[PDB]
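Breakdown of the fold
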Amino acid sequence: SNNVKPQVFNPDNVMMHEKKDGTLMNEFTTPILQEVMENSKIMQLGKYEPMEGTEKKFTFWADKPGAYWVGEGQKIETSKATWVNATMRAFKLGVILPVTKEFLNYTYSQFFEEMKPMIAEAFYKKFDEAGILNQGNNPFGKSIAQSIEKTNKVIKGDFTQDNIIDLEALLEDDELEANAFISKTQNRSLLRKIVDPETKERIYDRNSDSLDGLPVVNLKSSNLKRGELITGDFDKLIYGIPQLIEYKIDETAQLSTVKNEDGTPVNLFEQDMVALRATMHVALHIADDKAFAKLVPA
Amino acid sequence: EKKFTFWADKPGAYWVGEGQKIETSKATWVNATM
Amino acid sequence: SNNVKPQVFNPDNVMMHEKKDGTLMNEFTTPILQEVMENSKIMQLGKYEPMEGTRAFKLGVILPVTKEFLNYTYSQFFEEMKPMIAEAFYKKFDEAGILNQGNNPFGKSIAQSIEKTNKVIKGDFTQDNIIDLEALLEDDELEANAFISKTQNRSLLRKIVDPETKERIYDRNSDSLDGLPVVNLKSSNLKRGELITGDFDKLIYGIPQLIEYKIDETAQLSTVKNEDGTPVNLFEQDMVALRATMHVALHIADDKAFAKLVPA
Amino acid sequence: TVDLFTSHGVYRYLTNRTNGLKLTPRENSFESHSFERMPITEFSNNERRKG
């Protein structure tokens, strides 16, 4: 055929050194990042749990024996212990970045360096939005928002010391104590302008980002609205990581999720392409569905 | 005159079932000048 | 595999141990080179340009081989084939740059330079026609550097003698005409009676990537269909393929620097 | 609890895994030492440091 125009891809996910208008992209100035990569908020708040396989078993005492008064020479009555079991399973995060080898040579050699951190950020954010907010096709049948929904442990109303105290009280109503707050950075404006009328001290430390003495963690997600606040005994949120982020780069596979202009799948060898695969295994478990409560605007 | 390149789009990520096809994603950048 | 009929491939580019008629090439004798291996003429004549990045274009080829052939017929095939691919790349590049043949991707070529400037001499090979051909260059202050010729016309060049000095203008031992070296093109497109000359320092080329070879035992050759139309899978059909690629760039700095002699 | 030894002194910090090992200086974090090089020494079982 000797068709020298560049290969069109659908979707347009392939990095290329030549544009279909004939522009050739030498002398490329490597992009710079106007941001700091976000940490996993679940890895921050929750409790790590060693996990060798894709599954984990927990067992806890449930019932404790009673005891009896007995008269002299009377028969001593019996009693019994009981236990309960729980379990957690892992799921897989992954993404593939395809690159044309001309691009990989004559434009941006460091590309499969610079992407690895942005990939890790994407994984962390996916994980957090699944486990905290039950968003992004949460694979686990478990989440904070879902525990809150089953318990209906929600307070309605404005950010006030009244409602914030009531929110925390909602946990000790089940003999649990709040350990931290999850909030949307948009709302520290509201927290900054609430004060106790009696002691005349403000509940939120603008300097230390502490609410009622507890640490506040900010979500970047757009799903959590300004007026919404979440709290819980995060030591009851258990996470495990059976396989840390693995990267593999391949120069010969087939990609089926990318098609050529004629509709044929992209073959990395025959077409002279390279692609980077990232995968991670993450497991989430709510140890006690009652340990979380939410404040929502009316 | 000055010119800048900044990242504009982060690669996505997908939940992949056991033995499902990993979907692809792309990065993107934008140019500015002074 | 257990197939007793050999696999028909379309196109039939796959090397095989067994012919279509059932002949196994067992015990097979090592091939030998009946001809000298050809070297790039524009890489010989033109001026090299150190170049970083790519205008360039990509040359490439894939040679599939059945592992039975790679085992039981000619084990060393892929070592002995690399030069033959380098030949093929040289010939493709030479034919594109010189003759504007073979779907050359560049918008530049010697044939196009001559066809644009109309710097062509109609005539048979004679001392006066050789001198006029050279004068077509020296008219524009450029001096001929070499000649490009179809080797089959040395029979014509030997018949010309300078009538003053009364000697052969063509040294058949040196293969130099009027003191200038003549390079031979093996390609079929330059006809018997055609001769080309120019100041080849005005022709510039670059090579961003030398010939890179990669041998693969796993890829899918979409372009080669099995008899049933399914694409060839190397690993599953027990097959191997060698990929070769190169990047070349061509530039003509002054398109009046080339002239051509052609039969009337 | 984290101790960091430099060529001029020991720095003391506190951390926890949950906050991402953010080092916070301990009360009276710094303590000078009179050597002129980092005090800890390492020994090696072989070139590869293998058991």
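Each value, and the rule that gives it
Residues numbered from 1 in each chain as written, not as in the entry; some residues may be left out. Chains lettered and ligands numbered in written order. Part of a larger assembly, values for the part shown. Heavy atoms only, no water. Helix = DSSP H or I, 4+ residues; strand = E, 2+ residues; numbered from the N terminus. Rg over C-alpha atoms; globule rule 2.2 N^0.38 Å. Buried < 20%, exposed > 50% of the residue type's maximum accessible area, 1.4 Å probe, protein only. Contact = heavy atoms within 4.5 Å. Areas by Shrake-Rupley, 256 points an atom, 1.4 Å probe, with all protein chains shown as cover. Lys, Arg positive; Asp, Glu negative; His and termini not counted. Charge placed at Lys NZ, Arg CZ, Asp CG, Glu CD. Salt bridge = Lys/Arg side-chain N within 4 Å of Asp/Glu carboxyl O. Polar contact = N/O pair within 3.5 Å; in protein donor to acceptor, adjacent residues only side chain to side chain. Pairing = 2+ DSSP bridges. Axes fitted to C-alpha atoms, helices over the stretch in contact; angles between N-to-C directions. Buried area = accessible area lost by both parts, 1.4 Å probe. Nonpolar A, V, L, I, M, F, W, Y, C, P; charged D, E, K, R; others polar. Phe/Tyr/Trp six-rings, centres within 6.5 Å; stacked < 30°, edge-to-face > 60°. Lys NZ or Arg CZ within 6 Å of the ring centre and 35° of its normal. Patch = residues over 30% accessible without salt bridge, like charges linked within 9 Å, V, L, I, M, F, W, Y side chains within 5 Å.

As summarised from the PDB record, the model derives from cryo-EM at a stated resolution of 3.4 Å.

Per the PDB entry, chain D carries the name Portal protein and comes from Dubowvirus dv80alpha.

Concerning the overall build of chain D
Regarding its fold elements, chain D presents 0 helices and 3 strands. Expected size for 51 residues packed as a compact globule is a radius of gyration near 10 Å; at 15 Å, chain D overshoots this value by more than 25%. If you line up chain D on its principal axes, its C-alpha atoms span 40 × 35 × 10 Å. The buried share of chain D, reckoned over its 51 residues, is 10%. Partitioning the intrachain contacts of chain D with sequence separation of at least 6 by distance along the chain shows that 29% fall at a separation of at least 24. Counting every atom, chain D has about 4700 Å² of accessible surface; 49% of that belongs to carbon and sulfur. For chain D, the centre of its 8 positive side-chain charges and the centre of its 6 negative side-chain charges are spaced 10 Å apart.

Digging into the pattern of salt bridges
Side-chain pairs of opposite charge can arise whenever the charged atoms involved come near each other. What the rule picks out here adds up to 32 salt bridges over all chains. The residue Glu38(A) makes a salt bridge to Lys41(A) at a minimum N-O spacing of 3.0 Å. Residue classification places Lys41(A) among the buried residues on the basis of a relative accessible area of 14%. Across the pair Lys119(C) and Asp140(C) runs a salt bridge, and its minimum N-O distance is 3.0 Å. Here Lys119(C) is found in the loop between helix 4 (110–117) and strand 4 (120–122), whereas its partner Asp140(C) is found in the loop between helix 5 (127–138) and strand 5 (146–149), with 21 residues between them in sequence.

Some points on the environment of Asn31(B)
Residues and elements named next belong to chain B. Mapped onto the fold, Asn31 is located in strand 3 (residues 28–33). Taking the C-alpha atoms as reference, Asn31 lies 8.9 Å from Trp7; in sequence the two are 24 residues apart. The residues contacting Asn31, other than those within four sequence positions of it, are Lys3, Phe4 and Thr5.

Focus: the side chain of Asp209(A)
All names here are of chain A. Here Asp209 is to be found in the loop between strand 7 (204–205) and strand 8 (210–211). Taking the relative accessible area as the measure of exposure, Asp209 reaches 17% and is therefore buried. Of note is the side chain of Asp209, whose polar atom sits 3.1 Å from the side chain of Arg188. Reaching out from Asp209, the side chain makes a polar contact with the side chain of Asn218 at a distance of 3.3 Å. Non-local contacts of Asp209, meaning those with residues more than four positions away in its chain, are made with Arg188, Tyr204, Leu214, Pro215, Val216 and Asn218.

Topic: the sheet that holds strand 2 (residues 9–14) of chain D
Residues and elements named next belong to chain D. Read from one edge of the open sheet, 3 strands run 1-2-3, paired in antiparallel fashion. What marks the edges here is a single partner per strand, and that holds for strand 1 (2–5) and strand 3 (24–32). Strand-to-strand twist of the sheet, defined as the mean angle between neighbouring strand axes without regard to direction, takes the value 20°. The pairing of strand 2 with strand 3 spans 5 bridges and is classified as antiparallel. The residue of strand 3 that forms the bridge with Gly9 is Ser32.

Quick word on unusual backbone geometry
A cis geometry characterises the amide bond from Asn10(A) onward to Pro11(A), with omega recorded as 0°. Cis rather than trans, the peptide bond between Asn10(C) and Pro11(C) has omega equal to 0°. Of note, the phi angle at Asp238(C) is positive, near 60°, even though the residue is not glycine.

Some remarks on the interface of chain B and chain A
With 20 residues of chain B at the interface, the matching set in chain A holds 43 residues. Around 2800 Å² of area is buried between chain B and chain A when both sides are counted, 66% of it from carbon and sulfur atoms. With its nearest N and O atoms 3.1 Å apart, the salt bridge here joins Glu35(A) to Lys10(B). Across the chain B-chain A interface, the total number found is 14 residue pairs in polar contact. Listed by contribution, the elements that provide at least two residues to the side of chain B that touches chain A are strand 1 (3–9) and strand 2 (14–16) of chain B. If one sorts the elements of the side of chain B that touches chain A by residue count, strand 1 of chain B sits on top with 4 residues. In terms of residue class, the side of chain B that touches chain A is made up of 10 nonpolar, 4 polar and 6 charged. Bridge count between strand 4 (residues 82–100) of chain A and strand 2 of chain B: 3 bridges; the pairing is antiparallel.

Quick look at the packing of aromatic side chains
A full pass over the atoms with the stated rule returns 23 aromatic pairs over all chains. Between the aromatic rings of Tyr108(A) and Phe111(A), the centroid separation amounts to 5.9 Å while the plane-to-plane angle is 65°, which identifies the pairing as edge-to-face. Of the two residues, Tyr108(A) and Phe111(A), both sit in the buried class. Both rings, one in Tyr108(A) and one in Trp7(B), keep their centres 6.1 Å apart while their planes meet at 20°; by these two values the pair is stacked. Taken together, the positions of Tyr108(A) in the loop between helix 2 (101–106) and helix 3 (111–131) and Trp7(B) in strand 1 put the pair across two chains. For the residue pair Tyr108(A) and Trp7(B), the accessibility class agrees, reading buried in each case. Connected via pairs of aromatic rings, a cluster forms that spans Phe28(A), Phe103(A), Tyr108(A), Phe111(A), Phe112(A), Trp7(B) and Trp29(B). Residue placement shows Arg89(A) over the ring face of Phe91(A); its charged tip is 3.5 Å from the ring centre. A cation sits over an aromatic face here: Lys82(C) above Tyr213(C), 5.5 Å from the ring centre.

Remarks on a nonpolar patch on the surface
On the surface, a cluster of nonpolar side chains totalling about 430 Å² of accessible area is made up of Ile32(C), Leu33(C), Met37(C) and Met84(C). Judged by relative accessible area, which is 32%, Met37(C) ranks as partly exposed.

Thoughts on the arrangement of the chains
With 3 pairs of chains in contact, the largest contact count belongs to chains A and B. Chain B makes no contact with chain D; the smallest distance between any of their C-alpha atoms is 23 Å. Separated in space, chain C and chain D share no contact, their closest pair of C-alpha atoms being 34 Å apart.

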